[PDB]
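# An overview of the molecular structure
Residue-level listing of the chains:
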Amino acid sequence: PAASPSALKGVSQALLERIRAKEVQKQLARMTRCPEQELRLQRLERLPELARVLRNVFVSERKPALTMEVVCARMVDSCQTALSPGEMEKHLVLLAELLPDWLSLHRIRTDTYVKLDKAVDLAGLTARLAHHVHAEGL
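Residues numbered from 1 in each chain as written, not as in the entry; some residues may be left out. Heavy atoms only, no water.

By the method listed in its record, solution NMR, this PDB entry was determined.

### A word on helix α3 (residues 47-60)
Filter applied, for reference: Every helix listed is a DSSP run of H or I at least four residues long, and every strand listed is a run of E at least two residues long, numbered separately from the N terminus. By definition here, a helix of n residues has an expected span of 1.5 Å times n minus one. Burial status follows relative accessibility: with a 1.4 Å probe on protein chains alone, a residue under 20% of its type maximum counts as buried, one over 50% as exposed, and anything between as partly exposed. The arc under discussion is defined with respect to the helix axis, by the directions toward the C-beta atoms.
Along its 14 residues, α3 runs 20 Å from first to last C-alpha, staying within 8% of the 20 Å computed at 1.5 Å per residue. Among all positions of α3, only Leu47, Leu50, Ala51, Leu54 and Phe58 are buried. The arc that holds every buried residue of α3, seen down its axis, measures 100°, which confines them to one face. One or two steps after α3, the chain reaches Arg62, where phi turns positive at roughly 65°.

### Considerations on the sheet that holds strand β3 (residues 111-116)
Which entries qualify depends on this criterion: Note: two strands are recorded as paired if DSSP finds a minimum of 2 bridges between them. Only the contacting stretch of a helix is used when fitting its axis, a line to C-alpha atoms as for every element, and angles between N-to-C directions run 0 to 180 degrees. Two residues qualify as a contact provided that any one of their heavy atoms is within 4.5 Å of a heavy atom in the partner residue.
An order of β1-β3-β2 is seen for the 3 strands of this open sheet, with the pairing classed as antiparallel. Both edges of this open sheet fall to β1 (65-67) and β2 (103-108), since each of them pairs with a single strand only. For this sheet, the mean angle separating the axes of adjacent strands, direction not counted, is 25°. Across 3 bridges, β1 lies against β3 in antiparallel orientation. Each bridged residue has a counterpart across the sheet, and for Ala65 the counterpart in β3 is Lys115. Contacts from α3 reach β1 and β3 within the one sheet, and its direction differs from that of β3 by about 110°. Docked against the sheet, helix α4 (residues 68-76) engages β1, β2 and β3, running at close to 90° with respect to β1.

What follows is the structure, given as structure tokens:
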């Protein structure tokens, strides 16, 4: 013989207790996370940062075209912060998905390369990128 009783406590107790967690951060710090959400927002808003840095990276390279591995290596190296190589790649495809006139691909019998026009009005790109129509954080 056994049983499994239950009850409910749907009241602002557990809501107000989130205040007290701000003191417990120095004491326990075990699954204690709430204000840390700002990192998620700070990560998703790098949209313009990646676009500007990309342009800069190509500009300083003295060449508007780079090999598949060269641009890849050049982008993944930026991971020396607090993210995986996947988030980098996700950004590469997202950009290209709305920037078919900025970014290009040229497959050659020796290797594959990318083309990028550093004279295109980035401001127009910032807007048409901030549109978030089909991006869904690609």
